[PDB]
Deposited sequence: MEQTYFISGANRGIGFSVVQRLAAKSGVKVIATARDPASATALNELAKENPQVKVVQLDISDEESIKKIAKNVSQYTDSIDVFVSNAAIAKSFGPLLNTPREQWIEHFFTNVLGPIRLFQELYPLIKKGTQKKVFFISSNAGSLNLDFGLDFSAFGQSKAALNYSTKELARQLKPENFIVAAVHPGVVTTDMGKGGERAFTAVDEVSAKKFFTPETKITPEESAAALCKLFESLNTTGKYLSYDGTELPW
């Protein structure tokens, strides 16, 4: 058996990933939503496949993250594959035109949120077998790619989390953790369906055997 944990599972790639794991035999899935009672798709998913466990998480709300270890501990003794998926993407374009609020929100939600989530869930991951850790990042997060676009707070936040992911990989290598930053695709770079992003992500999540990688969905490396 393997416990997978996915934040932001109510819709998007996160829902598509949970949908797909719900298929795989002997897979337990802790799936989070900000508002589980409005998570119509995902409550139905869990009712048909009750190995899918639904759980409250707002990654922008420290009081929500302060409860995530108990909330997950209701359903499991461990986590094999942690996925920080929940995230926002609200501000793009020039720096002179990006207000304080946008920088602050992208930091708390996209950088602090995941770091606090991993910190809270590290004890549970440490007791698991696979010790796999996936921050859903973005290719716009690279300090060494040029898309001919500005990503403002969005890009900054993905780069900030990339930096810390890189360090965390170094830091946990001794404990045989597999730590990766992963660009899931776009759902101009070719867009893919959420179910396509999910399928490639599930494959990467099972295939990846080395730490400190920055991966695109298809398994090819990106520059940091």
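- Taking the first deposited residue as 1, the stretches without any C-alpha atom are 1, 189-213.
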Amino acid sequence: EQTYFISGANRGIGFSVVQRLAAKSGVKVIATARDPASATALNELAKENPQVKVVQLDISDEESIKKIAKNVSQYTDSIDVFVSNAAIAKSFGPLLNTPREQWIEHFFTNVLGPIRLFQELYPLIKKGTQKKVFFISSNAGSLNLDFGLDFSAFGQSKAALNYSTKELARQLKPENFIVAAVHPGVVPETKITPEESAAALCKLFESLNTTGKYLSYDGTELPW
From here on, numbers count along this sequence of modelled residues.
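- Looking at mean Cα B-factors across 17-25 and 210-218, the upper value is held by 17-25.
- According to the PDB record, 62-70 carries the higher mean C-alpha B-factor of the two stretches 156-164 and 62-70.
- Note on the listed residues 37, 199, 169, 31: the highest Cα temperature factor in the record is that of 37.
- Between the residues 42, 57, 178, 181, it is 42 that shows the highest Cα B-factor in the PDB record.
- Remark: residue 77 belongs to the highest third of its chain, ranked by C-alpha B-factor as recorded.
- Residue 132 sits in the middle third of its chain by CA B factor, as recorded in the PDB entry.
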